[PDB]
Amino acid sequence: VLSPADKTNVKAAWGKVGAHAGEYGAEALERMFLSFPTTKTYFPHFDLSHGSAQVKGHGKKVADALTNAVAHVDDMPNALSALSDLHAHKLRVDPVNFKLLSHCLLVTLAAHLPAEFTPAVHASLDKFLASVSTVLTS
Amino acid sequence: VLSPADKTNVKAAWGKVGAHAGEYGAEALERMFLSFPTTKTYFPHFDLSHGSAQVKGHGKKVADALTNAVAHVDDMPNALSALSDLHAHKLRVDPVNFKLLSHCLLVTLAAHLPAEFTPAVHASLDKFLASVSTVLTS
Amino acid sequence: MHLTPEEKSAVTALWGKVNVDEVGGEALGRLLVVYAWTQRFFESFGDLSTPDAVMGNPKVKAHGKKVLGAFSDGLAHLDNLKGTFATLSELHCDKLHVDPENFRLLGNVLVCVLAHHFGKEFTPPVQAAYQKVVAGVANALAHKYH
Amino acid sequence: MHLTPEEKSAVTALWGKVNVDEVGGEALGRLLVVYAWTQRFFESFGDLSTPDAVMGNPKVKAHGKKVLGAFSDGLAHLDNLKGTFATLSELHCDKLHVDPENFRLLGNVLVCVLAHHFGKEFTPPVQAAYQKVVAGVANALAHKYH
Ligand code: HEM
Ligand code: HEM
Ligand code: HEM
Ligand code: HEM
């Protein structure tokens, strides 16, 4: 579970992410596609190329879903109820892919926030992420 | 999530396991150690030779907890509370080894219940050890 | 594929008693029942609403047979699953779009179903050896993903 | 380990800039903080109860330098990780009882940390290479458990 201190750290890191979330959304999405080719199988229709104008837009939609998840940290299962049916009915993406993306938001999030991504914030974020993933997989 | 029909097939399959639970538990444990040698790392203080006291008794330990779970199918988390604090705080075992233990139970059950192990029973049985696994890794 | 001279032996002898028509049918069948989402890849097979309906469907069975039939080519080239299964690898990735993660689900259902037709004879040792085969295979199919 | 010449280059290059005295401390340290259970393995390190205690613990910094040395030493043999890590794999199995699954985590915590030190330079493609390299080292360490 998420602890009060965990919550707090999540909010101060994403607060810094700020307006660059889609940027970050996307950079991650890309790292994912390159470091773990299998994740591409769920986006056969996307233009998956470096610079892709579809990859950026998606990324946003992702980052924005996370922001939304933050602002509703105490009630994530319902705050994301829809993206839950989506990722487990229509799409049906395997839980492991969720760990891969997670591992990339952290990395993307790490190269851009040198000063804030302390051990504590990395411990916190990793857990928030695990949480957001658990809701979208259940 | 366990639907009534699953509870039903589970409650049944297991009632056919009957007084053999322990015997199957130990077969299952013996299979996991032989099929996935890494799981052995959690039992370094056990003799793991063919047909030996610990495995045979620890086997009773495990089937006996599944019985308790089948019995309490409809309230699993409460009834497994103790068992979870032990597999999450003391031993702290990687959720993955849980997929392996469960596969093996299935192989084993499938091994002596030829008639009972129907594609639907195969089904529910998999969703069950999946729920038993989740409550032991929470 | 660190398969040992005894293991290889265990597998083969067993494989030669395998009723291809049944096992393959049953395995692909239990994949559709047990891991329902997989139904999504064959939406074009017909009725797959119920257990009895998936088991009973003739395309499932036939397909099942082809799949087991390929699993068989692999056991005859264990020292090189990569090359055998390359074409199907690309196939499964470029046209079909299958998360290689499901390949293990089929491997295990299959172990499950072999345990099912042979009872005793599927003694733990024998099981371990097939866990490896099923393992090399699943890896061999994921190898050409890009 | 299919490492293209380019990847091999991108890898080695970057690594020439790493300060293994400094980065290995960080990794093992972070491991102990983001993955709490991974302390069941160093009760000999004394206090490890707060992030500050872990990160600053001398024994941690020393130990991580060791680990990172073995890594660096695997990067100077990309083409033979299985062998280079054979003795150290056995050790982690026979004497330390570490579930291989924990090699991937440290491997990943590292990848995070490299990205933390280099920033923009830790570009996606370099990452892809790195993911390939930790994946291999985790398998190399895992390849002698029985
Ligand atoms: C925290 C993790 C994730 C979040 C928050 C997230 C969020 C979203 C959102 C907001 C959408 C768009 C829904 C809409 O357009 O109305 C989406 C769609 C989608 N997601 Fe995820 N996602 C996550 C992880 C993943 C991963 C791991 C995969 C696969 C590996 C994935 C695959 C997809 C696919 C294929 C779509 C639909 C694409 C389309 O056709 O527009 N998502 N996700
Ligand atoms: C359905 C899944 C599982 C169930 C129901 C289960 C249940 C149990 C039970 C009832 C005990 C005995 C607790 C006691 O001593 O009172 C136990 C102990 C233990 N289990 Fe699990 N277990 C499961 C899976 C696992 C697996 C996957 C692992 C590791 C791969 C594992 C490792 C252990 C260990 C190391 C002990 C301590 C044994 C000893 O020292 O005697 N268990 N488990
Ligand atoms: C080792 C595991 C598997 C093997 C050996 C295998 C083998 C095959 C083979 C031989 C074909 C026929 C190739 C052809 O006709 O060109 C095929 C087709 C197909 N496979 Fe797989 N398969 C495996 C797992 C999977 C799984 C996990 C999925 C998705 C859940 C899948 C999805 C499909 C689909 C949708 C087709 C097309 C059937 C058609 O022609 O309509 N396969 N597979
Ligand atoms: C790439 C991954 C890893 C590498 C290269 C590595 C390397 C090493 C090395 C070089 C040593 C000193 C070897 C010796 O004393 O003979 C060591 C010791 C040790 N390692 Fe690992 N390690 C890795 C991951 C892990 C992780 C995940 C664990 C468990 C969390 C672990 C647990 C230990 C333990 C408990 C010691 C003994 C320390 C002591 O008591 O003195 N290693 N490892």
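Here is what the cut-offs are and how they apply
Note on numbering: residues are counted from 1 along each chain in the order of its written sequence, which can differ from the entry, and residues with no coordinates are hidden. Chain letters start at A and ligand numbers start at 1, both assigned in the order the entries are written. Derived side-chain values reflect all non-hydrogen atoms in the structure, with water molecules and hydrogen atoms excluded from consideration. Whether a residue is near a molecule or strand depends on its heavy atoms: if one lies within 4 Å, it is near. Any pair of N or O atoms that falls within 3.5 Å is considered a polar contact. Within protein, one atom must be able to donate a hydrogen and the other to accept it, and sequence-neighbouring residues count only if both atoms are side-chain atoms. Every helix listed is a DSSP run of H or I at least four residues long, and every strand listed is a run of E at least two residues long, numbered separately from the N terminus. Under the convention adopted here, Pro, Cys and the residues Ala, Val, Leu, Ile, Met, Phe, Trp and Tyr are nonpolar, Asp, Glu, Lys and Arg are charged, and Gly plus all remaining residues are polar. Note on definitions: a residue-residue contact is assigned when non-hydrogen atoms from the two residues lie within 4.5 Å. Once two parts are brought into contact, the accessible area they lose, counted with a 1.4 Å probe and summed over both, makes up the buried area. Counted as salt bridges are all cases of a side-chain nitrogen of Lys or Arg within 4 Å of a carboxyl oxygen of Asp or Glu. The axes are straight lines fitted to the C-alpha atoms, using for helices just the contacting stretch, and the angles between their N-to-C directions are given from 0 to 180°. Throughout, the term roughly parallel applies to angles under 35 degrees, roughly antiparallel to angles over 145, roughly perpendicular to angles from 65 to 115, and oblique to all others. When the near helix sits turned anticlockwise from the far one by under a right angle, the crossing is termed left-handed; a clockwise turn instead gives a right-handed crossing. The rule for donors is simple: an N, O or S atom within 2.8 Å of the metal counts, and for Na, K and Ca the reach is 3.2 Å. Water is not among the atoms, so a site may look short of donors.

As recorded in the PDB header, X-ray crystallography is the method behind this entry, and the stated resolution is 2.80 Å.

Engineer: What should I look at first to understand the site of ligand 2 in this one?
Structural biologist: Residues and elements named next belong to chain B. As a structural note, the neighbourhood of ligand 2 is formed by 18 residues, with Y42, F43, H45, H87 and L101 the closest of them. Note that an oxygen atom of ligand 2 is positioned 2.5 Å from one of the side-chain N or O atoms of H45. Side-chain polar atom of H87 to a nitrogen atom of ligand 2: 2.9 Å apart, as the coordinates give it. At the level of secondary structure, the elements contributing two or more residues to the shell around ligand 2 comprise α3 (53–71), α4 (76–90), α5 (95–112) and α6 (119–136). Tallying contributions element by element places α3 first for the shell around ligand 2, with four residues. The class makeup of the residues in the shell around ligand 2 is 13 nonpolar, four polar and one charged.

Engineer: What is the right way to read the site of ligand 4 from this model?
Structural biologist: Residue and element names in this part refer to chain D. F41, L91, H92, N102 and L106 are the nearest of the 15 residues found near ligand 4. Within the side chain of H92, one N or O atom sits 2.9 Å away from a nitrogen atom of ligand 4. For the shell around ligand 4, the secondary-structure elements that each account for two or more residues are α4 (58–75), α6 (86–95), α7 (101–118) and α8 (124–142).

Engineer: Please explain the interface of chain B and chain C as it appears in this structure.
Structural biologist: Interfaces are often sized by the amount of accessible area the parts lose when they come together. Contacts between chain B and chain C engage 19 residues on the former and 20 residues on the latter. Summed over both sides, the interface between chain B and chain C buries roughly 1,700 Å², with carbon and sulfur atoms accounting for 62% of that surface. A per-residue breakdown of the area chain B buries against chain C is headed by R31(B), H103(B) and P119(B), which together make up 32% of the total. The tally of links between chain B and chain C comes to zero salt bridges. Run the count over chain B and chain C and you get eight residue pairs in polar contact. Sorting the residues of the side of chain B that touches chain C by element identifies α2 (21–35), α5 and α6 of chain B as the ones contributing at least two each. Ranked by residues supplied to the side of chain B that touches chain C, first place goes to α5(B) with six residues. Taken together, the residues that form the side of chain B that touches chain C break down as 12 nonpolar, four polar and three charged.

Engineer: Help me understand the packing of helix α2 (residues 20–34) of chain D against α7(D) in this model?
Structural biologist: Between two packed helices, both the angle of their axes relative to each other and the distance between the axes serve to describe the pair. All names here are of chain D. Contact pair α2 / α7: the axes reach a minimum separation of 9 Å and the direction vectors enclose 130°. In terms of axis orientation, α2 runs oblique to α7. Seen along the crossing, α2 lies across α7 with a hand that is right-handed. Contacts between α2 and α7 involve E22, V23, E26, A27, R30 and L31 on the former and, on the latter, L105, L106, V109, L110, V113, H116 and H117. Taken together, the residues that form the contact of α2 with α7 break down as eight nonpolar, two polar and three charged.

Engineer: What's the story with the coordination of the iron atom of ligand 1 in this structure? I'm lost.
Structural biologist: Each pair of donors in an ideal four-coordinate tetrahedral metal site encloses 109.5 degrees, whereas pairs in an ideal six-coordinate octahedral site enclose 90 or 180 degrees. A lone protein donor contacts the iron atom of ligand 1, and this donor is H87(A) (NE2), found at 2.1 Å. Tracing the backbone through its elements, the reader meets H87(A) in helix α5 (residues 81–90).

Engineer: Help me understand the packing of α5(B) against α6(B) in this model?
Structural biologist: Residues and elements named next belong to chain B. In contact at an axis separation of 10 Å, α5 and α6 are set at 150° when each is read in the N-to-C sense. Viewed along their axes, α5 and α6 adopt a mutual orientation that is roughly antiparallel. Classified by chirality, the crossing of α6 by α5 is right-handed. Facing α5, whose interface residues are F98, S102, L105, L106 and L109, α6 presents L125, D126, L129, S133 and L136. Counted by class, the contact of α5 with α6 contains seven nonpolar, two polar and one charged residues.

Engineer: Would you mind showing me how to read the interface of chain D and chain A here?
Structural biologist: Across the boundary between the two partners, chain D contributes 20 residues, which contact 17 residues of chain A. Of the roughly 1,600 Å² buried between chain D and chain A on both sides combined, carbon and sulfur atoms contribute 64%. Counting across the chain D and chain A interface gives zero salt bridges. Our count for the chain D to chain A interface comes out at eight residue pairs in polar contact. Taken together, the elements giving at least two residues each to the side of chain D that touches chain A come down to α2, α7 and α8 of chain D.

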